[PDB]
Every structure is written in structure tokens, then in C-alpha cells.
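K.L.:
Show me how the following folds:
(chains A, B, C and D, ligands or ions: 8)
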Amino acid sequence: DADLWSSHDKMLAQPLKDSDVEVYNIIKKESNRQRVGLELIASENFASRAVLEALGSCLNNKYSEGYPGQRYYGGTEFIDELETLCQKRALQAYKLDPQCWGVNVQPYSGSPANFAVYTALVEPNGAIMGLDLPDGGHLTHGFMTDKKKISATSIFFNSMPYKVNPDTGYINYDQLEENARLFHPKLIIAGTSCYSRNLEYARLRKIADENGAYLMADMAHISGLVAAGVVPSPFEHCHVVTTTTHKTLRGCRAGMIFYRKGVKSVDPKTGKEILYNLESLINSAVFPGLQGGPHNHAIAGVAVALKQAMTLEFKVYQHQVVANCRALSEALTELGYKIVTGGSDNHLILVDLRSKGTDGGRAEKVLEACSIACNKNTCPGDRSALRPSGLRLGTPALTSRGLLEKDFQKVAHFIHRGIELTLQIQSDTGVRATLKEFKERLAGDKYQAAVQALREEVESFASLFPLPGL
Amino acid sequence: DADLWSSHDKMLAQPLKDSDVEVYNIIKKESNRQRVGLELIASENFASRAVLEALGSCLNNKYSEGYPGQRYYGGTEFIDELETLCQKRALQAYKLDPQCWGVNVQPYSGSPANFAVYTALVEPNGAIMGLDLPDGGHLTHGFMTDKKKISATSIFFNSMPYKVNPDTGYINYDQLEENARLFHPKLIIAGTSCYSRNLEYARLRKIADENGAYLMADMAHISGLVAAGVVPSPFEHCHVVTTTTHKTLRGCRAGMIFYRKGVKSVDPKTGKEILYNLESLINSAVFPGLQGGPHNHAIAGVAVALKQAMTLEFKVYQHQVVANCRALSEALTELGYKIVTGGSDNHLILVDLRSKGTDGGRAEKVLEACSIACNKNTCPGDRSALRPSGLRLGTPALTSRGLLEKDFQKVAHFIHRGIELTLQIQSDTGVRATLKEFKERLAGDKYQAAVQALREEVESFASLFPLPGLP
Amino acid sequence: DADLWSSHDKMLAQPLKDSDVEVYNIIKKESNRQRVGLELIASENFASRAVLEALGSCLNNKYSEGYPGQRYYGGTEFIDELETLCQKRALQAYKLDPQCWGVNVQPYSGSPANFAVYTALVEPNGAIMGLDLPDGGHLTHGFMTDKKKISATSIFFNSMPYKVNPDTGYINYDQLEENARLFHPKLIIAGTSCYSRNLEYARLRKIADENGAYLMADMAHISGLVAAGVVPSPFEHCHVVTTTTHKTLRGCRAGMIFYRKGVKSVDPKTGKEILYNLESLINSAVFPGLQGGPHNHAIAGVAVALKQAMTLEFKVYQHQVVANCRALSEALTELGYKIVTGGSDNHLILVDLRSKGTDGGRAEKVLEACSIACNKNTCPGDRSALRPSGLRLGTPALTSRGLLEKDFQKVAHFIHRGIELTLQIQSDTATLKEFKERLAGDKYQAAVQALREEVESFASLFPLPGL
Amino acid sequence: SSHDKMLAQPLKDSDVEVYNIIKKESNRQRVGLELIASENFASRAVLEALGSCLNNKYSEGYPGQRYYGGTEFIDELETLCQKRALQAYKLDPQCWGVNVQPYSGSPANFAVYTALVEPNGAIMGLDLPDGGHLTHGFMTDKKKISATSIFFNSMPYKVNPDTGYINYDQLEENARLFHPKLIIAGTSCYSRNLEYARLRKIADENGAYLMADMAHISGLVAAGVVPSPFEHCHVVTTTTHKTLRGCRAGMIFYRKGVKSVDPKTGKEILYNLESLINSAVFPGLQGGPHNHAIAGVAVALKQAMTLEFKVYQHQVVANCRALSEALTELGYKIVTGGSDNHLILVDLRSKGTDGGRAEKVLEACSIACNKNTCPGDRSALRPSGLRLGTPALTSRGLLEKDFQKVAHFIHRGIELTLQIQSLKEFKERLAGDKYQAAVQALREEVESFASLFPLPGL
Ligand SMILES: *Cc1c(COP(=O)(O)O)cnc(C)c1O
Ligand SMILES: *Cc1c(COP(=O)(O)O)cnc(C)c1O
Ligand SMILES: *Cc1c(COP(=O)(O)O)cnc(C)c1O
Ligand SMILES: *Cc1c(COP(=O)(O)O)cnc(C)c1O
Ligand SMILES: [Cl-]
Ligand SMILES: [Cl-]
Ligand SMILES: [Cl-]
Ligand SMILES: [Cl-]
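P.N.:
Numbers count the residues shown, from 1 in each chain, chains lettered A, B, ... in the order given. Ligands and ions are numbered 1, 2, ... in the order given. I have put the structure below:
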């Protein structure tokens, strides 16, 4: 009668360690894996303990549909404080005048953030233009084939990508300007998932204005860098700025949408000023358009992250991020590796392994087997996305642990050694060998000691640094 | 040189309490606010500590785009174990045969989960039919006006709602079957945000098959009940079942999508069997269609919740949820309140305040001022959505704290006293008064003591019960 | 060198009779077929010789893209007179104040005319409501199935039809009003292909305004009647009126689009009167949106037809059209045939053959074999559009030849005899394939011939407009 | 009583007002020099067919698939027409089919899109200012103007402003990005032959359809004066007037039979254009066919298979050269100096003026032609070129020597234009009193020359 009811009350108060050992262990194993591993995936990073604590707060429970002042349900005086605070810090972090800029912090993640904007400004079967996927774009910028639309962006809207110049490795802004005149985009996307150089926002803006389109920036990857002022801000030229709250920003998984406010343009003769209406449209698209109940526990984490983002320690961190990157870049350069575009203005670099006579697809799996985390990526000029020639390497992940130039140079050597091992297996399994067979020879018995020998040395090195979290 | 670099390392390992007192205090205030208040919002509930500890895990860091064995990035052997485990438990919680059913657990929340399905199955400007918003539907089921499409569902797809019978209060399935033949839906939604009775899924399935459409169930609200077997399962008749992982399920904020697998139909003559292709379509729609990197930390929280959901304590909980609702319902009934449809087969009820001579819009604000959390809602027969007559009251939130029949009856009294105070203020401020003026008189000095008197008594009563997941 | 160049000049000036005997013969055969046949298809009629002469004019050559004074090419002073005249007459025919009403006369036909309006006013994937197809609607009013969108209207625009009350036979305006509040139509269509009663335009207007939609009337089938004032005008309540120039109007194949002009409403507070903008939108949609170079030769025929439509002879014609319809109706009623809705306010009627124990699909083919031209059509309450129960019978065609009440009663008898032959064939034998076969059979051929010859010999007694 | 007379009364009596307008136009066409490429004079045989009782018969559907009965004679007609259509272009009935119901050329194209591309699908065509046609797609930074652009996705390909030739290289490049479903090989104002083989290669590479719009060259291709697009294209749309000298109507030719085969399984995949395209015309877009037009078309198709027509089409091309070089030698700059077809595009910047002004002056002199933007024009509001075609006049009996005398009459108009020039104000000065005698003096001399030739029709 009341024996089991007490057990119920005990259940909701019971610690994870006891309640779910099965899941508890998986988290422990992952925590370990992250610790002994070298993280070089550009989109990776380690959240602060302060942010993680906010995610476990009672803020999960409160359903606060709508916005501060326009709430559907009542009893939100504290959620209002939080959401209002978060967006106040968001504007501060990027030095934005509240009268010139507004921000929406409800987006569940980065992808939903972008889609909300399209839905709001472009509208069904509208025209969008973004960096091609194999050229360093992101799916949310549109992606389709001769057979079908794959990305949601491509499905409901009409996309046609602009490309990078295969020779220089830089974005071909000239061709974009030309195609834009024939396609008449409604919105142009200024952002990249795998691009190692600063975007010419001023140039793009002009191209957008020429065609009467919006300029949306997706600073997902460089959000941390722009905040610290380590890289040129896109806010000066863009109309809308979408961003993820994780990656270089080191927040929890969430998204944000910055939009212009105030005067859009004026009539020379009548003096009648036309004001921006992005605030209304964008907000309406997030709710009640797409999303429902805001994830207040995440908004908190974001708010916490934004405070840390405005500290000097962060500013230093972001500079060290870039500094490390050049160290890693030149270290590999001097080793004979062809960096795409000959260096990086930001945190990441794209290594074209054709320089060593191999591809990223095979190098990826080998590096992984050695606790070296990174991802393959197609290089400018690749005639096949199935066999990518390059590897994407970012520094923000390791930098957060305390890695410095000298260390990233030691990492560079570990990476090379992985490529080496790759070239051995590649030559051993023949030339007409498939990726299927390569994976088998790798996990094979012949190279089992070699892989382990490196892995153990990589792990022992990573173990020397702290792992933010706990 | 190295003085500030050490401070950097200290910052990432620094506790929230020290790192951000400003946010830390807001959380404490909220945590205190939830404690002393009676939560009666149907969609509300309290997550278990175990779940809350999973969200703060290092799982936040790993980017695992794709699905188990189909991952874009490497080093996911532990994320795979987690995602594979979660979805295995998901199928178990609802006693589903893995050969007959599959599930995607990546959706960031409920809404994204629904939109994912439409994208995959219905496709741009396809026809969708759902319960009307003011009749207890949800925005994601579609909503528009004579002037614009408001819901993303309506914006990108061609939607037309089906309505509840204003007299009885039950969904008018007959009109639906009729309009369906005209509209030719490609998919019909069997779900509600504010409905107090069990859906006739069998009926709906027939109507769907007649027009060659899919039947998608949105068990967001009754997900918990269905799991414990307290309410008839929609899995028997529907093709797809979307759900939120919170509310009655008591998980963290996230969504799931269940889809049919195996044989769809067979040719009587040729014997050639056609198989379902929902798995591929739905999965492709979630990724790389709509979402990006899975929120693994939430996927863990869902997994944890799903294990608790399969326990006997949960089963008892859910039974107590419904039991409490009947107690609250009949308690208000006996006080003369008109419950829409005269009761409820589930956790929530819809109280029509026209019975006491007022509206939900005003009662909402008064009850709130007294720490009585609930939301207004239009009743069947309301000629104006600006002045809703009804209140939505749910029991899952309080029942989680430990409330029982007898307690919910006491709550029923406290609520009544709230309606009373509402009636006094309503008559005091006149009849032609606006909601604007009402709010002012409420917060006014004349009723400042009355409100406080009730508030303090409610909070003192609310304090007697525990609150899940603290320090 | 110049021997064949002379032949070329001879070719262009050579008569059809000589230039293309093959085609010349087909025309003669058809002309004959029409002469000896009894035309009872509601959408049919016979154009005046005057109109037919206009179609062969040199107006075929001029390319006059755009509108009067807004032409893309020059040298259109005479085309401008024509088009301007035509639309001037169009407004007169329906007693429409030019300040309150405008009209576009370029549409190649009725369907394009309708689509032109949707593209202009409704816009891609915009809601549209019309009478359901099997209930007497038209394809252009929207039509779809579970499998697919079939009509262009349905493919590009959201369409959801309203239905006729299966019991009474009248349109169910109540259900429309109800579904309208859910669907939120941008444009409602008040027109019918197979409907025997006057539309409650006032009622429909109220429903349209309630949902802030446009009321578009498709008077294709009643354009002639409304012109003569035999039937209540849709112009008093509608925002836009589309119409074909043939059928009851006895013009050549073409379409027109009438639209409201002037003040739409006057805002209460501001007081700034808001004006209609249909003229621009609709015109823009016809060109340069949808169509290209106008078919001035048809625009002439239309103009000619419109002048004839304003004569007393025409007025008497249309009255006689309705008169004949009543006679035909009651003549079949008295023979026991069930007329859907029990009569007709206009030119056509729907005969429910279930009263005789058969279907339209089986009666159509028999009647055809007897030179009796008519078409099958689903009755209200038909559970299968594959086996339609009714026949659609119209008077405008024969009436033009000179047929009168007494004659249409003799026609009624001829029709009944066709139904008998149908029933007798139906009794012996089954799928339609088997039926058609039995009809072409060895024993009913005579009975049929006995009828055909008698029908033809009767039709042969009346003049055939054209030549 | 009197009503029976009315339906049998002649137009001359029934409607004098309309009757006169027709006479005035017939006169105007007789005394004017028609040089609009899209113009032509239909034979008297075709015109008589348009007035036939065929106007009355509603024959919805296709032969053997009709909705209404009593169509045995319409079936013969429509079947004959499409039989002749295939003969005219030497097309094997097993390899090719044709739909002859389209009310005009524009509807013909749209039908194809509706059938193959499917709503919000991607098509590509020559840019409008580069000599494309509206139906091939046309939009701006502000709105979609052409029906094609509205319901579908269009992204045009351009002509090389330097050479004047279509830039196939850039098309091949952009195509890889836009993923067209259908590419359009057709022009309204393009002076050279299309590289269909090339286009086909580009289409196959992207897995698209190759639709040819031979509206302007339909007559030329029929006679074999110009390379046929049927050898490389999947679908061929066309108008039945213009160079074909039929009444206003359209046709749609489509491939039939085997599309491709599987090397291993030997399983052959067959084309399905016939069904889709037909279904799109009806019951998709159109309603009751215009049988009176279908007859005229059939008549024209017979004339198109005669030797007299063949000669005509060659004289058409021949005249064009004579006119091209006659203006070349007078110092005028022809874009792509030389034409492989009936029309040419005269760039008036070589004479220090624009087409927009020359058009209005030439018109005032009974010289019919139209302005058109040249490759390299930075403003479509001030077009630099004039489009001049020979099929119209050639049909009257005009020969090389005559078109040279025409070339002189045209030049004199350009002079008169340059005098007035040294657009609103220009029009006023033209109609002004100062140049009233000069215009009349040339007009009377132009008209007196045209009067010397016969006018097909009556
Ligand atoms: C709550 C709910 C959802 C999901 O809402 P989110 O706040 O986006 O998780 C979906 N459907 C229904 C019927 C609901 O009640
Ligand atoms: C990572 C990323 C996003 C957001 O990804 P989520 O996993 O959905 O948070 C958005 N845009 C770009 C360019 C990105 O690289
Ligand atoms: C006949 C008809 C049309 C037009 O038909 P066409 O054969 O295309 O001229 C349009 N609407 C209605 C209601 C009709 O009956
Ligand atoms: C003229 C033309 C058409 C058809 O024009 P209509 O005015 O509709 O007869 C079609 N395509 C092209 C390329 C043309 O030049
Ligand atoms: Cl990424
Ligand atoms: Cl809700
Ligand atoms: Cl009809
Ligand atoms: Cl043209």
C-alpha cells in the first residue's frame, strides 16, 4: 500500500550511479576515452564544469512557451530573468548595441537555428545560396543531387551552391557574383564547416545588396574566435548571424539567432524611414512556428558560457587556439604536408594527403585506432567525394586541455607517424584494394603491435593533461 | 605568461556556484519557486535525479553525426552502445517487437520529432489532417488563419484540421471521415495537447486506410500512461508514433519516433510482398535532413528515464496519476464545476468555468498569484479564442511529489477558493471590464491581503511534499 | 527558276477543296453527321455563319502581344479598334457599367481563362474551393484523387471541393459554409458543368466575405441565358466572372474574364477608400504571364457573337431554349423518368436512369448508335463514377436549329425508345465490353437501324447553321 | 422567325463594324512591308478550314479514348494530322509520337514542363535578352514573371557577348550545380544553328531531358534547309504558324520505344513520354480540342511536304543572306555577321542609334519589324538591335534583288531616325510637323512597292 510508494519517492531521489549502473558505466568509459585520446576534430570542444551543472538544474521542468513578456503559461518570473539575462550577455559578448541588434536564444541547436531563419525570411520555395558541401559548406546551407534533395534546406527551398576555386583553395567570390544575377537569391549564407580562411563579408554583403538579398552569416565554427576579437567580425556587414553555442564557444548544445534592428533604409525625398522587421519574423518562426517549449536548462548553460566568453582567460584561450593552429600548420608544412591554401587564419586546417600519396578515408581509420581523433574531408579539386583526399584538424579541443605550441608540434609528429602506418598498410594491401579490405588489414594481426605501440604512446601523452568536466 | 593560463584551467574546473553566482541564484530561486507552488499544468513534471545527473555528463562533447555503424566521425564505440541501448529500451518500454517496430531517438524535442516525420513521409505541400488547435490540438499538428499560416507544419504543408463535437466534447470522427474524402490527406495525426479522453485509433486507422494515408500518433501527453499500460496503446493501429520524452514520461527534454518495420502488404496473386520503408525515410529526414549532431547527453537522460519507466514503481505512479485525476475531477464536479465531457480517462481534465460565471483567462492570473500553476484553454463551443472559458488541470506533476486522492481533494478546495477570489474581482471591476483592468485590480491593494492569505496557505501545504533532483 | 515560284503563289491562293481534298472530305462528312444527328449535349451549339466568316479573316496573321496602347509591336491601330470594341460590347451584353466592371477578352478558351484568374489572384499553392467534379463541377474548378492531382488547378493550387446534397440534388451551401471556416479558401468558384438550377450567388458571396475570399463565377454554361436575362445574373454578387464564348453564347472557341473595378471598401477610421486591383493582376496574368500572341481572329468572332447576343432574336432564342427544356423535362417525367432535382431553371437537365433500371454509360452508347448525341454523368448518390446512373441532356443545340416544345416531345419519345433498346440489350446479357459487343450484335442492329433512320429523317427536317 | 436568318446571315451584313476592321487590316498588311521574323501569311486552304463546322464538336480526350461519343470523323482528322506531322519531319512512328491539341506554342511548352519537370522542378533555357523566349523562363530580383519561372525553378544560360554565339561551355558548368531536369534548345531571336549534339551531351551528363523549341525554324527544319533537332532531343515542341505557315496552334513531339538497356540483365527500359505528355495536355491543362485548328494544321502539314514549300524555305534562307550582306556592305553590323536561318539581328550601335527609336520610325513608314537587345547591352530598356526576318515577305514572292531594295528602304529609315535623333520626346518629334512630309514621302514609296505583290488569303 505505502511500502511501494516510498520506494517510488526513493527512485526519483536515487543517484544515477545506483539507479542506472549500465548507463553510468557507459559515461565513465566515455569520460576515460576522452581523457586518453587526442581530440583534433574542429567541431569538438570541452564544456566547463559550471555550464554542465546548469544543464542538470530544475530548469528542465518549466514549460515557458513564448518569449519574455509574451508567455503562454504563467509563473515564469524567474525563467524571464534567465532568458532576458542570456540574450543581454549574448549582445555584450559580441559588442552589439541593443538598439542595432537583437538575439533569439531558444533554438535547440545550430541546425534548427539556420532553418528557422530561412522559414522566416526566405519562405517556402525561396532562393538560397551557400558554400557547396564538398567545398567546406554545411548541410544546413543546402545540399542536393541530380536525383534528390537531401538537406531539409534543399527540400522545401531552392538552393544552388557557390564554389571554392580548386587551384587557390579560396572561395570564388567572382563566380558567386555572376551566378547570383541569374538565380536571384533571397538569402546568401556566409559560413563554413571546413574552411580555413576568413570570409570577405564586405564583399558578400555587396553581392547580396546588388540582388536585394539578405546576408546570413553562420559563424558556428568561429563563434569563439569572433567573440574574443581574434578574427574579423561578420556582424559589421551581415543582416542575420546564426551560431551554435558549443564548438569554439564551449557552451552546451544549443543555438542562437542574431538579427538587425532599427532603421533599414530611408527615402531621400520623403525622409520616411523603413525599419527592420527581422525581430518579429525570426521570433515568430522559432515560436510558434517551429519549436515548442524552450530548453531553459540549456539556455542557462549558454548564459553561463557567454559570461566565461567575455573573460580575459577566454580571450587568451582563443588566441592560443589560433597560435597553436599555425604551429601545427607549419610543423606539418615543414614535414612536407600540403596544407590547403597554405595555412589558416582560424582554428582549423585542411591537410591534403595526396602530398604523401594517400587519402583521408584511410588515414582517418588508422589515426582513430591510435586514439587520434579527426575526420576526413574532400579537398578542392577532388573528383570523388567517396575517396576524400584530406583531413580536417582543429585545435580548440586540445587547446582547452592546456596544449601549447611545443605540444602541438609533438602532436604533429604523432599524426605523421599515423600517416606513415597508413602508407604501410596501403602499400601492403595493394593499390587496387578497397576501403573494405584496408580496414581488415588494419585490424589484422600483422600491424596489431604497431598500432598498439603508437596508441599507447599517444594515450600516455594525452593523459598528462586535465579533462574539463567532472 | 603562465599565471593566467593556470587561471584558465581553474575556470573550466570551477563550480557554477562560484563561476556564475548570478545564474546560480536564479536556479535556486526557481528551485524554491517550484517547491512552494502547486503544479497543475498537464505538460509539466519533475525529472528524476538519476536523469538530471546524465545531462551534466561529458557526453555533451562528442559529435556523433549519423547512426550506429553509419557514423560520419570516428571514436563513437561508447556513443553507439548508448544510442543502441536507448532505442532498445524504447522498444521494450512499449513491448514492441524489434522485427515489427523501429525507433529514432535523436529528435531534439517533440516538435522537431513531428516535423521530421512530415518531411519524410508527407513531403512538401502534402496534405495533413490534425485536431484543431482550439479543440485540443497542438501547433505541430498544423495551424493557420484566413491571413497566414502560423505553424511550420501549415507553412510548408497543406493542412486542414478536424474538430471536436461542441455538444458532447468528443472528437467528431464522422465529420473527419467525410472531409478526408474531399481533402485526401497523405497523413493523419492521432494526438492531442488538451484532450481528456482516449482516441479511437482503430477508427482513425480505418479512415486513414480508406484514403491511403499514414496514421501518425502523437502520444506526447499520454506517453507515460501508455508505457505503464494504464491507457490503450496506439501502437496497435498506427504506422508511426512520435512522442516527447518528458511530460508524463518524466525524462529530459527530447523526442522519439517509432515506425513500423517488416511487411506492409502482399499481392494475393503474385505473392510478392511489399515491405515498409519508414525506417530509411524517417532516419534520413532526421539526419542528414533536418538535425545535425545528436545531443548524446540527452539521449542518456532518455535512456535512464526509459529504464525507470519499465519499473513497477513507475507503473504504480501512472495508475495513481489517473486515480488522482478522477478524484480531482469528481471533487470539482461535486462542487458544481462543469468538466468538459464529464470526466477523463487520462491525467488531465478541462474545467469549463462558464459554469461559475467567468473565464479561464482571468482565473489563470488569480490562481498564479496564489502559486496555483495552471493554464487557460478554449472549450468546445467557445466563440472567441481571446476569451477562453476553460482551465487545463493535470495531475502528473503533483502526483510525482507524492500527492494522493485525499490531497488532490484538498487541492480541489484551494482551486475553488481561487475561482471565488476571481469572481469577487470580476464583479468588483464591473462586467464590461477588460482583462487589462482585471490584472490591475488583482495586483491592487484591495485584494492584496486576500491573495496573500490564500497563497501562504497553498505554499505551506505545498512545502509538505518533496521535490525531485536537488543539491 | 520561276516556274515553281508561280506554283508557290498558286498554292497559297488555292482553295481547300483542291489543296487538301482529304481534309475537305472529313469536314463535309462531319457537316453531314451534324445535320442528320440530334444534338443534345448541353455544351454543344452551332455558331452563326457571320462568326465563322470572321475566323477565316486575315486577322490570323497580326501579332498583337499586350493590350490596346500597351502593345509590344506596332501597327495595331485596327486590332486596337477590334479588341476595344469587343470588350465594349462584352460589357454591354451583360449591362455592366465600365466604371464598375472591366473585361479581358484574350483567353484562348474557357479553361485558360479560369487558370489565368487563379494564377493572378490565388497564387501558387493557395486554397481554392469549387463544386466537386462528380457533383456537376468542372475540371478547372479542381480535381484530384488519392493517387494523384489530376487537374492543373489541383496540381499547383490547394483544392477542396464542396458537394451537392445527394437526397435533394441541390448544392449543400450549409456544409460549404462549415468547411470554408476550416480550409480558409482564397477563392470560391460559383459555376457548374452539369447543374440544372440557379446558384445562390448572394449566399455564396456572404460565405466568401466571411472568410475574406474572392467569389469567382464560372458562367460557361449559362453565359447566353444570363445575357438574355433568362436567368439571374452572377455579376451582382461576384468579384470576378469567367466565361467561355461558345456553348450557350453561340460564339467561336474562346474565353473572357470580367472583373470588378472602382471602390472595394472604405476603411472606417482612416476613411481612405481602397480600390480594386483586379484589372492589373488579371491582365498581367493573361499576359505576359500565361498566354502569348492573342488570336485576333477569334476575338473578332467573339465580338460578332456578342452583337448577336444583344439582339431580340437572341433573347427569344434563349427563352425558347428554356421553354424546350421544361417541355423535354416534363415529357420524360410523365414517362416515368426521374429528373434530378425534379426540373430545371436553365437549359439542361440530369436524367437519373436508375428509375428505368439501367445506367448512363450503357444508354450513351446505344443512343449514339441512333444519332442521338448526349453524355453520361454521375447522379447525386452514385457510389461509383465508373458506372454513372444519369444522362445530361441540353436544348441549346437543337433549339438553334428551330426545334420547339412539340418537337422536343417527339425527341423525348425517340430518347425513351433508345432506353428501351438499352434495357432489352441489358436483359439478355456483364461488363461494358460485353455490352458494346452485344450492341454491335446481329439481332439488335435492325432495331437500332429502325430507330437511327427514323431519328436522322427527323433531324434532316431542320436547317444547319454554318456553311 | 428572323432568328433563323441571323445565324445564316453573312458577316458583312451581321457585323459591318467588325467587317470593316478586317478589311482595313487586310489592306494594311497588303501595303506594308512585313519583316517581323515571327510573322507569316497562312494559305487560303488553311484559312477555309478554320471556318468549318469543326468548331462545334467537343472531342475531349484522344482518338479511341474520347469522353463524348460520335467522334468517328474527328478521330480520322486528329489521327491524320499527327500522321502527317510525323511524315513532315521523317519520323519513324515507332520511335516518335506527337500530340496536336495544344492551343498554341506557349501552352505546348508548359504542358511539357507540367508533364516532365513537375511543380518546382528545375529547368534551363536561353536568357530572354539573349534571344530566348518567355516560356523558357524569365524572372528578376523582385519577381518571377513567366509562368515557367513561377511554378518551376529556372536558371537561364547566356550568349557570349563577344562572339554572339551561345556559350555552351558556361552552361555545361552551371548545369552541374543547378541540376536541371529539363534543358531547352530553342530561340526566339537567335541567328545561328543550335549545337543539339552538344546540348544532348550536357543533358545526359546531368540526367536531364533535352526539349527543343523549334517554333521559329519549324518550317526550315521540315524542308531540310536546317539541321534537324529530332536526332538528339527527347521532346520537340513547336508552333504551327510562323515559318510553318499554319494557323495559330502547337504540337508536341516525343520519343517512343526503348530508352535504355541493362548490359547484364538485358532488361530494356521503355520511354514513357507519350503517356505523361498526353495526360498533361488532357485532362491536365486543356479542355476541348479546337478541331477547326487541328484541321488547318493538318492542311499546312500537307503543304509543308510539297516541293513548292521546300523551294519557298530555301528562298527564305537565300533572301536572308541577300538582306544580311546588303546591310553588311552598307556598314551595318550583324551580330554573328551571317545567319544560318531566316532571321538576322542588326546592331544599330554601328550607325549610332538604338532599335527602340528605329522601330517607331520604320513603323511610321509601313516597315514592320521589332527591337531586340544585342549581346553586350547593359540595359534592356534601350535595346541596340533590330530583328529582321524574311519568311513573311518571301511568301508574297520577294526575291534577292527585291530584299536588296528592301535593304535600301530600311537604311533610309535609319537615316530619318538619325536626323530626328540629332524616347517620349523622340516619338513626339517623329509625329511632329517638321518630319511629316519626309515620313510620308518614304511611306508612300514603300507602300507603292509592296502593293506590287500578292497577299495570300482572301
Ligand atoms: C508538448 C507536445 C509536443 C512537443 O513539444 P516540445 O515543447 O517541442 O517538446 C508535441 N506534441 C504534442 C501533442 C504535445 O503536447
Ligand atoms: C556544426 C555546425 C552547425 C550546427 O550543428 P548542430 O550539430 O546542429 O549544432 C551549423 N552550421 C555550421 C556551419 C556548422 O559547422
Ligand atoms: C466548358 C467549360 C469550360 C471551358 O472548356 P474549354 O473546352 O476549355 O473551352 C470552363 N468551365 C466550365 C464550367 C465549362 O463547362
Ligand atoms: C512564338 C513562339 C512560341 C509560341 O508563341 P504563341 O504566341 O504562344 O503562339 C513558342 N516558342 C517560341 C520559341 C516562340 O518564338
Ligand atoms: Cl561539423
Ligand atoms: Cl503543451
Ligand atoms: Cl462540358
Ligand atoms: Cl515572337
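
K.L.:
residues near residue A:315, how many?
P.N.:
Residue A:315 is flanked by 17 other residues according to other C-beta atoms under 10 Å in any protein chain shown. Where you see a C-beta, it was placed from the backbone N, CA and C, and this is true even at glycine.

K.L.:
same thing with the one 4 residues further on?
P.N.:
Each residue near residue A:319 was counted by other C-beta under 10 Å, and the total is 15.

K.L.:
Which secondary structure state does it sit in?
P.N.:
Residue A:319 falls in the helix class when you classify it by DSSP: H, G, I helix; E, B strand; the rest coil.

K.L.:
Now for it: which residues touch it?
P.N.:
Counting by C-beta atoms under 8 Å, 6 or more residues apart in numbering or on different chains, residue A:319 touches A:228, A:230.

K.L.:
Can you name the residue of chain A nearest ligand 1?
P.N.:
With distances taken as C-beta to the nearest ligand atom, chain A approaches ligand 1 most closely at residue A:292, which sits 2.6 Å away.

K.L.:
any idea where the strands of the stretch 351-470 of chain A begin and end?
P.N.:
Secondary structure of the stretch 351-470 of chain A, counting by DSSP state E, counting those that start in this stretch: strands at A:372-373, A:375-377, A:390-394.

K.L.:
what separates whichever residue of the stretch 301-450 of chain A sits closest to ligand 3 from residue A:419, distance-wise?
P.N.:
Proximity of the stretch 301-450 of chain A to ligand 3 (C-beta to the nearest ligand atom) peaks at residue A:385, 49.3 Å away. Spatial separation of residue A:385 from residue A:419 under the definition C-beta to C-beta, to the nearest Å is 21 Å.

K.L.:
okay, those two: which has more neighbours?
P.N.:
In this comparison of residue A:385 against residue A:419, neighbours counted by other C-beta under 10 Å, the higher total goes to residue A:419 at 24 against 10.

K.L.:
how about that one, what does it touch?
P.N.:
Residues A:353, A:356, A:358, A:363, A:366 are the ones in contact with residue A:419 under the rule C-beta under 8 Å, 6+ apart.

K.L.:
Test my guess that the residue of the stretch 301-450 of chain A closest to ligand 3 contacts residue A:134.
P.N.:
Yes. Using C-beta atoms under 8 Å, residue A:385 is in contact with residue A:134, at 5.2 Å.

K.L.:
Give me the common contacts of the two.
P.N.:
residue A:378.

K.L.:
Could you measure from residue A:78 over to residue B:144?
P.N.:
In this view, residue A:78 and residue B:144 are 34 Å apart by C-beta to C-beta.

K.L.:
Beta-bridge partners for whichever residue of the stretch 251-400 of chain A sits closest to ligand 5, please?
P.N.:
With C-beta to the ion as the measure, the residue in the stretch 251-400 of chain A that lies nearest ligand 5 is residue A:375; the distance is 7.9 Å. When assigned by DSSP bridges, residue A:375 has beta-bridge partners residue A:392.

K.L.:
what's the burial count for it?
P.N.:
Residue A:375: 26 surrounding residues under other C-beta under 10 Å.

K.L.:
How about the residues of chain A by chain D?
P.N.:
Those residues of chain A that sit near chain D, judged by C-beta under 8 Å from any C-beta of the partner chain, are A:125, A:132, A:144-147, A:158, A:160-161, A:163, A:179, A:182-184, A:211-213.

K.L.:
check these against ligand 5, which are close?
P.N.:
Among the residues of chain A next to chain D, none lies close to ligand 5 by the criterion of C-beta under 5 Å from the ion.

K.L.:
before we move on, the earlier item: in terms of contact, does the residue of the stretch 251-400 of chain A closest to ligand 5 touch residue A:364 like I think?
P.N.:
Yes. Taking contact to mean C-beta under 8 Å, the distance of 6.4 Å between residue A:375 and residue A:364 places them in contact.

K.L.:
what do these two both touch?
P.N.:
Both residue A:375 and residue A:364 are in contact with A:391, B:74, where contact means C-beta under 8 Å, 6+ apart.

K.L.:
Now restrict the residues of chain A next to chain D to buried residues only.
P.N.:
A:125, A:132, A:144, A:158, A:160-161, A:163, A:179, A:182-184, A:211, A:213 (16 or more other C-beta atoms under 10 Å in any protein chain shown).
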